[PDB]
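The data below hold one chain only, encoded as structure tokens and taken in the form solved without this ligand.
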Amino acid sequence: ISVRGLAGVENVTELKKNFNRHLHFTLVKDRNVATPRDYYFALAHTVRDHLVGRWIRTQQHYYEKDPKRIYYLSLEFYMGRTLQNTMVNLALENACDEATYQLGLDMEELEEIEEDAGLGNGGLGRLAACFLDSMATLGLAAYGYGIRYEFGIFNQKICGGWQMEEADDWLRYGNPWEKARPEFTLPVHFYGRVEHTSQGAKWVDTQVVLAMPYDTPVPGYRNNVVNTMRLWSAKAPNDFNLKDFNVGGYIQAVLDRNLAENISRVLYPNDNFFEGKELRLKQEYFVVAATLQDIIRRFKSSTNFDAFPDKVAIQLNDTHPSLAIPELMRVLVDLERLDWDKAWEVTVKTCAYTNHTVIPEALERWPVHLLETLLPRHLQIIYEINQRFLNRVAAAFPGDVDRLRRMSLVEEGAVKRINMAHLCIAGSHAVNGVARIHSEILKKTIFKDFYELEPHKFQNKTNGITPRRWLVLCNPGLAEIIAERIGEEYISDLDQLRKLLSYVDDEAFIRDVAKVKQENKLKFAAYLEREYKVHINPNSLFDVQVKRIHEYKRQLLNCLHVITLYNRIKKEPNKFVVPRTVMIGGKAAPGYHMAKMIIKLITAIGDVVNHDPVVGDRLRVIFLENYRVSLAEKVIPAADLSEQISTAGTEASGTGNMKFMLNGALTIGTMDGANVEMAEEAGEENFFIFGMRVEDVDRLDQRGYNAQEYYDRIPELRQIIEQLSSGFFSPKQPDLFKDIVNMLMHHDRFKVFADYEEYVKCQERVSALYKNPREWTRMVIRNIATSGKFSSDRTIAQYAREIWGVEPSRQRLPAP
């Protein structure tokens, strides 16, 4: 078997008896009534047993040495399953595989029983999960802090072509990885009012909600380091949530506890979109307030807070945890009694902010009346921060009255709002973009005024993904042939993949790389019929676009191409075309009408295309249901063409793109986000770039975008639009897609038509190359061998050195 570790004689024996110990004592079952779900739990408990020893010494280590601690605050941690990832990082995969084999079980079958920890929406949440893995692998004293939702991202179901949402009860059967820590339970306050006394302000008459922490282990890759991810759960106090007497009902008082506990009930399913609901604000303060108390309690052990920034670094994953700034101030000033200026100095030096998008609708602007009611003291502090900040601006740019209002954290208008992004820039010593182009756009556009005031704050930290879960775990076959030639060191040193460049003309390697891709496609094609049922051709080109459904991602542009292909086939049926299986997957936010309309369009196209006899097996349109981390681990290693076609300037970075490049897929996309650095790394000749560049989009906006022009000059495009309009794809409901057509023609913010021509032309070129297996595979090798830069180990090493002030280390912790 592969390099999934050694299957030692003693360890396979030890594993088996421990599996049986748990099946008996833990699951209280006996082989005759054990269900596959019991088997999955016996294994999980057995594997978890192997890292507790290391978990304890790692934490005890940090207590003894007392290094600077890194706190990663995110309202999302898209973790996925954790059994295999733990086996991989512990080098237990083969031993476990062997052991379960002897016990007569199929490890892979059991792995499929684990529920995904879908505590994230997309890119932002998965980034935090990859980062955690990298921080552990680089031996950093890091902690992931978030909310333990009992319901993560909803499960997607397609009914009559429409998306149906359903609760993600991932904790239903229990979570063997987490451990409640009811000793570090903390109180969080809401509402109340502010009393201004003789020696300071006081936040009074507040409603209390308790925060109970749950720790999950985050094992580093083969270095015996196990960091912690602490997730907070909301709990109602038993007193006041019953003790506030004078009629109401005792039963009612108890049932009403599920009101304070609703704070950690469900994840908001919005990807790159802001919804100003009170429940959302509560979740944001809740995770911030509890985390900070925990952070300071740890520090108090390790009272001059002058050394606080020397021992603490808190990274804000977007503006979601932004209340950490005014909350840090509140504690320091109100509770610790530090003077404002000393407190501000400390706050700015320990906080750092990461921006993830530039679209306006994603920007957090909280109505003042909301902050005023829920967090009265914080609003006061935000006004004071704003006051002193604007004084700094006025002093720097005397008389620039317009700049003053542009930079204010307080936005005037219909209803006053607080610009959380402005708050984060003001109270952080570093602000970074997630890709070179996005970072430049921040300085040139969105935060131009802030950049002029303090240029030193702005940086860039191009995103990355973890090679462990995104290669070794999902694509062992590829990881193996690579290791056969250049060794195993690249798993924690992705740059070494460059060494593969010297095998680009190797006849054996070319054949191998092409063989694993073929085996991956056959397995996926099988999985497709197994769990979803309705055949596909594994010899065709696997054209996949998987990410959340968004207008800016242009799944719609992909649709126009699919329809074009179909129409050309119908025109010349007996002409040869490279067969393609185009797969589109992703979830739409429940309230996103347009996004839900696009899912219906995709399934509608498939209904026509997949049943047209003249088309045969040359073209299949499939919608990938319930796209999530565990599903991504299946499609990506099987894809041939990765679609990254967002309008230039809208996708801050993207990470799915990197996942595909690492797994042997060629990329067709626009010069957007990280796409630019990928093409720059692989060489533009090895990339399928097309469409407008940021500049072209701007030029078009200056003159004005008119979709009619394109509709008029391109017959193929016009034909498609008239097909949608006439009900060619929706016979029973001829006007079903009027909203899409209307939008495309009159309010297309992402100029889908503008990139149409260059897009189908470029698609022709990839079909041409696919017709030449050898050359396609050689280009694939050029991509893989040049993907090393996109490892999150590189990203983390940069955050560590350029923002946190800590030195990464690949040193093995002193055994378990």
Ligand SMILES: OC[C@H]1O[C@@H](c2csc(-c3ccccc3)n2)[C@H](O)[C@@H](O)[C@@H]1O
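The numbering used is simple: start at 1 and walk along the sequence shown.
If you look for the form solved in complex with this ligand, you will not find it shown, but the lines that follow are about it.
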query	finding
4.5 Å heavy atom contact, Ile314 and this ligand in the entry with it bound	no
Partner proximity in the entry with it bound: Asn121 to this ligand, non-hydrogen atom cutoff 4.5 Å	yes
Contact of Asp543 with this ligand in the entry with it bound (heavy atom, 4.5 Å)	no
This ligand contact at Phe273 in the entry with it bound, heavy atom, 4.5 Å	yes
Stretch in contact in the entry with it bound with this ligand, which is absent here, among 155 to 163, 354 to 362, 714 to 722, 490 to 498 (heavy atoms within 4.5 Å)	354 to 362
Residue (of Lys600, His378, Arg580, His320) lying close to this ligand in the entry with it bound, criterion heavy atoms within 4.5 Å	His320
Residue among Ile482, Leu127, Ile425, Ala639 with a heavy atom within 4.5 Å of this ligand in the entry with it bound	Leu127
Sequence-ordered list of residues in 463 to 492 near this ligand in the entry with it bound, where near means a heavy atom within 4.5 Å	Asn463
